[PDB]
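Chain residues, written in single-letter form:
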Amino acid sequence: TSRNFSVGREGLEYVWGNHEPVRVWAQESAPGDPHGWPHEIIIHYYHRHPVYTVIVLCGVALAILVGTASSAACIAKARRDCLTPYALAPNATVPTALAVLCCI
Amino acid sequence: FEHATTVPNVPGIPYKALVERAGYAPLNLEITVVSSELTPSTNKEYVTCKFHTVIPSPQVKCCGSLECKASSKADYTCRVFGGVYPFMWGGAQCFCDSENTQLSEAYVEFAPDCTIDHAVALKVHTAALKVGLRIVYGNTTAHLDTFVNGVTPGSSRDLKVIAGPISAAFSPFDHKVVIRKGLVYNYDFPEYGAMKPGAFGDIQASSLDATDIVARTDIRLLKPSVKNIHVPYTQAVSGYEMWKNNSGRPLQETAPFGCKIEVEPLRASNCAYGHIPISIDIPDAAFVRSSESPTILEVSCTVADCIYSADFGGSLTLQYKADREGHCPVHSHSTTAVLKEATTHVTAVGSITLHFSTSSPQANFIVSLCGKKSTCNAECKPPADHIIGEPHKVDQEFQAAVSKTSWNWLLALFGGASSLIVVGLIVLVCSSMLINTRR
């Protein structure tokens, strides 16, 4: 027959019949490349912390997205409270460089 | 001259360090653990094996009457019966044909083969730890054994050393332990005196040759049906035999941290857990003042290919212009990259190759020769094989487990968003100021 076992970074020990014990340890040979494109950085670290990547790689890739969502939001903040005060001179004229953003 | 370090508790793995005395040339040091033991304190409860039911020869009184006394033997039982009229080969044995009482007895003993097949019941307590070290310093070696408690000084006459305490408490032994022919089990047995029939510990005694034995085996006596002569009885099964059918696997195949379980006396040998602090005092004659060592004049670190694996997967070569001849040492300074040599032979102009092992996706450590420093940097490829037969030499921390390329990405995108809001905010206070300028 044939049987399947899983090893970790600490190790495993197996005894078969009247023989002596044998010990094995694991290494870090996962696909991808930690020096190529961002395309293949992710497949490397994801495999390495798989059950942690649902915390650790999906964690950090997520906080990346929220940062760029919250940032591009609060930049629209500045547009609100600065564009509106410009046109508060009805029947007047301003520099064109700002007279181009008040229409939109 | 004192020096204190921490050592990981794994056998057969040297740990290197260098002591920097202000006045002399530096000194190399290596500390290896050769064997450890863990021995608890115990005391004995009782011994147990299979029992042997002894049934004596009954006594009869022809046409009188009998009644029972009481004795001290193990699980004594007695009963009297009515008119019987019993028979043997020669014929009838009494002369009054009724009123013929008869008496019956029974008790238990130890089988004659129990001198090889028995068990012992023990209670255990706090554990102690004791290690054997090999220490090299300069040009001498030394062996010694100490107790890791915190106070007790060490060993022989040339080198003071004190260890302890341990950074984690761990014992594989529970509060109750059984021993049979060299195998150790974790069981929960009844006390001394709480016998119950059909389970482990139905017969108990303090030694194999004692005279006071207690037992409870649920024996009851019946009335004879056929009239020749005999005594019938029924009994429960022996708990010893029932336990041997559902024992389980021994402790030599369940102990965590990969330990060896040995008896006579009870101990666990060569476990691997936790960190150990060590203070050491070095004799003064082994330091050599600075005016004798070589003096070097330049150094440069060139690194060839590397792998980050559990064995020696790298290389480098230095370039020096010394001033004399000598044997000054080398050393790594980073806790994620370990060297293999200790000292070298030096000359006027030359080079030297050394081998190392690492656990980081890029090498960025410092190397010291004769006391002078130099920096090395390159990139390190992931390994090829999947399984090997060695233990890893260095641990793995969060900082240098991510490449430098990845760090350039994660930084600029992250801080790019934050840098967008600060300009987005200073325009507002400007705007208001312009609005304040507008008034």
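About the criteria used
- Residues numbered from 1 in each chain as written, not as in the entry; some residues may be left out.
- Chains lettered and ligands numbered in written order.
- Part of a larger assembly, values for the part shown.
- Heavy atoms only, no water.
- Helix = DSSP H or I, 4+ residues; strand = E, 2+ residues; numbered from the N terminus.
- Contact = heavy atoms within 4.5 Å.
- Expected span 1.5 Å × (residues − 1).
- Buried < 20%, exposed > 50% of the residue type's maximum accessible area, 1.4 Å probe, protein only.
- Polar contact = N/O pair within 3.5 Å; in protein donor to acceptor, adjacent residues only side chain to side chain.
- Pairing = 2+ DSSP bridges.
- Axes fitted to C-alpha atoms, helices over the stretch in contact; angles between N-to-C directions.
- Salt bridge = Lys/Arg side-chain N within 4 Å of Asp/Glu carboxyl O.
- Buried area = accessible area lost by both parts, 1.4 Å probe.
- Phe/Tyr/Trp six-rings, centres within 6.5 Å; stacked < 30°, edge-to-face > 60°.
- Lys NZ or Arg CZ within 6 Å of the ring centre and 35° of its normal.

(A) A look at the environment of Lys372(B). Residue and element names in this part refer to chain B. Following the sequence through the fold, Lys 372 ends up in strand 30 (residues 372-375). Separated by 73 residues in the primary sequence, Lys 372 and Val 299 have C-alpha atoms spaced 8.0 Å apart. The residues contacting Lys 372, other than those within four sequence positions of it, are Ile 296, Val 299 and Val 367.

(B) Structural detail: helix 2 (residues 404-437) of chain B. Given a rise of 1.5 Å per residue, 34 residues ought to cover 50 Å, and the 48 Å separating the end C-alpha atoms of helix 2 of chain B matches this to within 8%. Looking at helix 2 of chain B, one finds that the buried residues are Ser406(B), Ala417(B), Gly424(B) and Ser431(B). At its buried positions, helix 2 of chain B is contacted by helix 3 (57-86) of chain A. The opening residue of helix 2 of chain B, the one whose side-chain oxygen lies 3.1 Å from the backbone nitrogen of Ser406(B), is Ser403(B).

(C) A look at the sheet that holds strand 29 (residues 366-369) of chain B. Residue and element names in this part refer to chain B. Spatially, the 3 strands line up as an open sheet ordered 24-29-30, and their pairing is antiparallel. Each of the sheet's edge strands pairs with one partner strand only, and the pair in question is strand 24 (330-332) and strand 30. Between one strand axis and the next, the sheet turns by 25 degrees as a mean value, whatever way the strands run. Taken together, the 4 bridges between strand 29 and strand 30 define a ladder with antiparallel strand orientation. Across the sheet, residue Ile 366 finds its bridge partner in strand 30, namely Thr 375.

(D) Broad picture of the pattern of salt bridges. Residue and element names in this part refer to chain B. Enumeration according to the criterion identifies 14 salt bridges over all chains in this entry. Put simply, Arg 267 and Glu 262 hold a salt bridge, and the shortest N to O gap is 2.4 Å. Given the relative accessible area of 21%, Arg 267 is considered partly exposed. One salt-bridge network, in which partners are shared between bridges, spans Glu 45, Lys 123 and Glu 191.

(E) Up close: the pairing of strand 23 (residues 316-321) of chain B. All names here are of chain B. Only one face of strand 23 is buried: it carries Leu 316, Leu 318 and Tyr 320, and the other face, with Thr 317, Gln 319 and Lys 321, is open. Pairing of strand 22 (residues 302-303) with strand 23 involves 2 bridges; the strand directions are antiparallel. Across the sheet, residue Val 303 finds its bridge partner in strand 23, namely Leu 316. Examined bridge by bridge, strand 23 and strand 26 (residues 349-354) share 6 bridges and lie antiparallel to one another. Pairing of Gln 319 across the sheet is with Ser 351, part of strand 26.

(F) Local environment of the interface of chain A and chain B. Every contact between the two is made by 31 residues of chain A and, on the other side, 38 residues of chain B. Around 3000 Å² of area is buried between chain A and chain B when both sides are counted, 58% of it from carbon and sulfur atoms. The interface formed by chain A and chain B holds 0 salt bridges in total. At the junction of chain A and chain B, the tally comes to 11 residue pairs in polar contact. Contributions of two or more residues to the side of chain A that touches chain B are made by strand 2 (22-26), helix 1 (38-48) and helix 3 of chain A. Top element by residues in the side of chain A that touches chain B is helix 3 of chain A. It accounts for 14 residues.

(G) Spatial organisation of the packing of aromatic side chains. Residues and elements named next belong to chain B. In the structure shown here, the tally under the stated rule is 12 aromatic pairs over all chains. Measuring from centroid to centroid gives 6.0 Å for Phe 257 and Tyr 273, while their planes differ by 70 degrees, and the two rings are edge-to-face. Pair noted here: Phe 257 is in the loop between helix 1 (239-245) and strand 19 (260-262) and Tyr 273 is in the loop between strand 20 (267-269) and strand 21 (275-281), with a separation of 16 residues, a long-range link. Judged by its relative accessible area of 10%, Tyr 273 is buried. Through successive ring pairs, a cluster of aromatic residues spans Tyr 185, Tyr 187, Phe 200 and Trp 243. Of note, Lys 73 hangs over the ring of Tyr 107, and the distance from its end group to the ring centre comes to 4.4 Å. Here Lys 176 stacks its cationic end above the ring of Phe 189, 5.5 Å away from the centre of that ring.

(H) Representation of the side chain of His44(A). In this structure, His44(A) sits in helix 1. Contacts of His44(A), omitting those with residues within four sequence positions, involve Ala30(A), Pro31(A), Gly32(A), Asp33(A), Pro34(A), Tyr308(B) and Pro382(B).

(I) Highlighting the sheet that holds strand 22 of chain B. Read from one edge to the other, the open sheet built from 3 strands follows the order 22-23-26 (chain B), with strand pairing classed as antiparallel. Only two strands of the sheet have a single partner each, and these edge strands are strand 22 and strand 26 of chain B.

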